[PDB]
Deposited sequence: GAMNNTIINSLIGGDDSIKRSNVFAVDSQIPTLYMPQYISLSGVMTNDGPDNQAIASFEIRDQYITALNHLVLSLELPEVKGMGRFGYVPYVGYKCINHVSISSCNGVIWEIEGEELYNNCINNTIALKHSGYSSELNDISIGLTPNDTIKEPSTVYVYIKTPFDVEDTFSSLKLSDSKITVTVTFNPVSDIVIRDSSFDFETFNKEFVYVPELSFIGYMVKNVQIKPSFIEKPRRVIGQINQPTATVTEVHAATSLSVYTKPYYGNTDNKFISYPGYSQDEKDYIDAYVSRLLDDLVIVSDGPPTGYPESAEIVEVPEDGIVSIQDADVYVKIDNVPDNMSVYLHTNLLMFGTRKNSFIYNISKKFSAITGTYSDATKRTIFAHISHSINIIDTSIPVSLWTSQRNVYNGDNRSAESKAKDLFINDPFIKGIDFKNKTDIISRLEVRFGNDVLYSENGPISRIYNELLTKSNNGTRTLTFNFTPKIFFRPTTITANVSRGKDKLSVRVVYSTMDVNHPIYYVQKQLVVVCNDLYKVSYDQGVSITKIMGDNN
């Protein structure tokens, strides 16, 4: 019997080439006066390239107040990336989409800026105090040219390749308090980029045409559950997700965990911030709180009843001249005077600790509560919104002054962790006919399983064929029949009107990957498959 050899193979002689890591400085242009970096790659010996890495020199941050960078700061800096030739754009991506494509890559995410040095909230006490030390971050600009290394690489057929990087405002990548002088920081801050790539000098290159997937995104109107992608002729995939819109707020939040980014870390940071005003050890009724505040003295039993909710408060080593007090309405929301009230104090069941005579403060030991990721994600503006018949924010001025501005451009869902799924039903139509529909997030489950990711989206994959070696499988259009567009309609999950999160404005994001043919006939050019 004829047998295939599994113990030996003919070591084929490959194309004669030589790689080199090339680093280039850019040309900065302020064009809405947005920072734009341009990198021109033109050399007769750079035959092909891939693995684009953009480095960024973050400056020394000096002065007073609270300051920190958003996690994966390097990716958050990116607004748009374009790779173009003389014939036009070869490939381009939106900042968030590049990040989404790199969310599984722990190494790329770490390189972009994910450390306690960068992401923890540091405090500066004097005008010449160093808040943050200068650092360099590296952003892996993942392109379709990296899929199969040399086989997939961008070939430069004697053409000039321009890599354009559009940057987001520094407001988006920074978490700060009112005390921090952001006005001066915004004026003084400048993006310092450098583009690196693996260049290949190839001897007698044999160029063949290839296929590329170019992502397109469409953002629907504020609170609009529909979005449409026009002129769809050959699509490999379609992703659907939601983003919050905070334009109706001052983008201020009570707490932030810093480098520690788990759901529990977000919750613990919030609890810690509230505990300062929640349980007070004072000689007589506490002061510095608004008139709307209902601070009740804890009885001998330790139980304070806020309607049907019982809060057990027991503090050790309390001085004889002092008493234990509980703020029964620290944060409250109500649309009507005779409606359900969402009270944050009611989310606490037990608070234990010991009063320190030396530092004159309470040292909390164990806290029993029901605080969730949504509570930590509520903007402060929504607690004091017009819709609320109550004051809302009954915290001290000291606590309110510690509030942080978060303008992270890549937030998904209605919480900081994208934990809460707000899509109750998804409907995708090709033309007018229903292409796909679901009541459960089964497309997200398949995305997470097939891509081995923990942070996936509701994705419809049409290409299950191996990349580069095969022409990708695409959903083909029929203009005559009307099937030349992908229309998405969602049904948002119904939330209680008396909860502050109900008023978070939502935006539907639809991402479509269209197939293009790469032609190298007299320069690099792409053609949309139609």
Identify which parts of the deposited sequence carry no C-alpha coordinates, going from the N-terminal end onward. 1-17, 49-50, 550-553
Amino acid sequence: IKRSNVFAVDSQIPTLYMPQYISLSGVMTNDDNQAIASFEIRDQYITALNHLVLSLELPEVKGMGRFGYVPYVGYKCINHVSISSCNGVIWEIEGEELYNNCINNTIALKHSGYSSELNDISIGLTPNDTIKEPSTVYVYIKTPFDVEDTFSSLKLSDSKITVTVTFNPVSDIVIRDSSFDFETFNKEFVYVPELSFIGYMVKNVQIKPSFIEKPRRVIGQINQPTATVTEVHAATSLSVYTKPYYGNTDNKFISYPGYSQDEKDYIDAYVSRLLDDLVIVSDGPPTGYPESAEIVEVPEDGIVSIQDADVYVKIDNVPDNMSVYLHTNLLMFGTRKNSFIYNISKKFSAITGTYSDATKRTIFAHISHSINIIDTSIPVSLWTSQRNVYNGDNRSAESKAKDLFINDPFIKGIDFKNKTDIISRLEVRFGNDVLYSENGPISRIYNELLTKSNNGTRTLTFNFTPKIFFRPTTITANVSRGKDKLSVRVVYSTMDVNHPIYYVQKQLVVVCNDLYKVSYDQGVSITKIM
From here on, numbers count along this sequence of modelled residues.
Absent coordinates for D31 in a third or more of other compared entries: yes
If you take the mean CA temperature factor per stretch, which one wins between 289-297 and 373-381? 289-297
Of 474-482 and 47-55, the one with larger mean CA B-factor: 474-482
Using the entry's values, work out which of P169, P409, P319, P71 has the largest Cα B factor. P319
Largest Cα B-factor, entry values, listed residues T242, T459, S260, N128: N128
Using the B-factors in the PDB entry, rank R429's C-alpha atom against the chain and give the third, lowest, middle or highest. middle
Going by the recorded CA B-factors, say which third of the chain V27 sits in, lowest, middle or highest. highest
Binned into thirds over the chain's modelled residues, the C-alpha B-factor of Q34 lands in the highest
For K314, the third of its chain into which the C-alpha B factor falls: middle
Taking the entry's C-alpha B-factors for this chain, is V281 in the lowest, middle or highest third? highest
